[PDB]
Amino acid sequence: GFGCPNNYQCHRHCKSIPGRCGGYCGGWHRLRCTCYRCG
């Protein structure tokens, strides 16, 4: 989902999410987009 395991599509989803900076496809069969909070 969220354009996985594509890094560009997964990163685009993390960018639209508020309180984040980047992300990656991993968690559920490399299909979930895991984004981290920007420091």
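Numbering starts at 1 and runs along the chain as displayed.
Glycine is treated like the rest: Cβ placed from N, Cα and C.
Copied over from Swiss-Prot:
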type	residues	note
DISULFID	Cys4-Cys25	disulfide bond
DISULFID	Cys10-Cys33	disulfide bond
DISULFID	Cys14-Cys35	disulfide bond
DISULFID	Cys21-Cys38	disulfide bond
MOD_RES	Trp28	3-hydroxytryptophan
MOD_RES	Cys38	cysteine amide
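The structure, with features from Swiss-Prot marked on it.
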residue: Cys4; record: disulfide bond; contacts (Cβ under 8 Å, 6+ apart): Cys10, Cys25, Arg30, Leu31, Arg32, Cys33
residue: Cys14; record: disulfide bond; contacts (Cβ under 8 Å, 6+ apart): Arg20, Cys21, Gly22, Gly23, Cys33, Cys35, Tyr36
residue: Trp28; record: 3-hydroxytryptophan; contacts (Cβ under 8 Å, 6+ apart): none
residue: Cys38; record: disulfide bond; contacts (Cβ under 8 Å, 6+ apart): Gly19, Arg20, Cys21
Cβ-Cβ neighbours of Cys35 (disulfide bond) (radius 10 Å): 19
Assigned element (helix, strand, coil) containing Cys14 (disulfide bond), judged by DSSP: helix
Other C-beta atoms that fall within 10 angstroms of the C-beta of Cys25 (disulfide bond): 22
Least surrounded among the disulfide-bonded residues, given as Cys10, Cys21, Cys33, when other CB atoms within 10 Å are counted: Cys21
DSSP three-state assignment for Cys4 (disulfide bond): coil
Coarse DSSP state, helix versus strand versus coil, of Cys38 (disulfide bond): coil
